[PDB]
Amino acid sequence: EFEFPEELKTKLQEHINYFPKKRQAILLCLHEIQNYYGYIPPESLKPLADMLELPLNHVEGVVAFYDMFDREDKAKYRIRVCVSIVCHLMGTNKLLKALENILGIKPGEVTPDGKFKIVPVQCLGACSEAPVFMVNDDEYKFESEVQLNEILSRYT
């Protein structure tokens, strides 16, 4: 069977204890899980369901609904690239080109080392600094390939 590591289970229990009702913590718990594993393992949902005192059904539906969660590909670093109107107008395509030159991958793909996955996303709410991308929680303006290369070198 699947069991949560003790360090993870602790964090999960903290989130569950944070709000007045346990089930309010479901998104924070899923964030925590994806942070820990680099994706949401399908096997994780049954024991999380129990901790939330929710049907598995409910948890599965929630995972499928929210775009940030990924059940399919494990990646250490998610490069979220905005493909919305402002970023498009100001040069999403040059960012994607630079990413392909550096990493060898296109949107939706993972590097063969499991290290980077490019995730196309809607507006990241930084449109004045378009074109925008994130690397996990860090968010940046794309300037040029040389600049992107330097930024990515910080993620090991």
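Start at 1 with the first residue shown and count on from there.
- Judged by mean Cα B factor in the deposited record, 18-26 ranks above the other of 128-136 and 18-26.
- Mean CA temperature factor is higher for 2-10 when stretches 2-10 and 147-155 are set side by side in the entry.
- Across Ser44, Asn93, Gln122, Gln34, the entry's maximum B-factor at the CA atom is seen for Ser44.
- In the deposited entry, the Cα temperature factor of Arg80 sits in the bottom third of values across the chain's modelled residues.
- The deposited CA B-factor of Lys117 belongs to the middle third of values across its chain.
- In this PDB entry, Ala98 carries a Cα temperature factor that places it within the middle third of its chain's modelled residues.
- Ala49: CA B factor lies in the highest third for its chain, per the PDB record.
- Among the modelled residues of its chain, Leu89 has a C-alpha B-factor that falls in the middle third, as given in the PDB entry.
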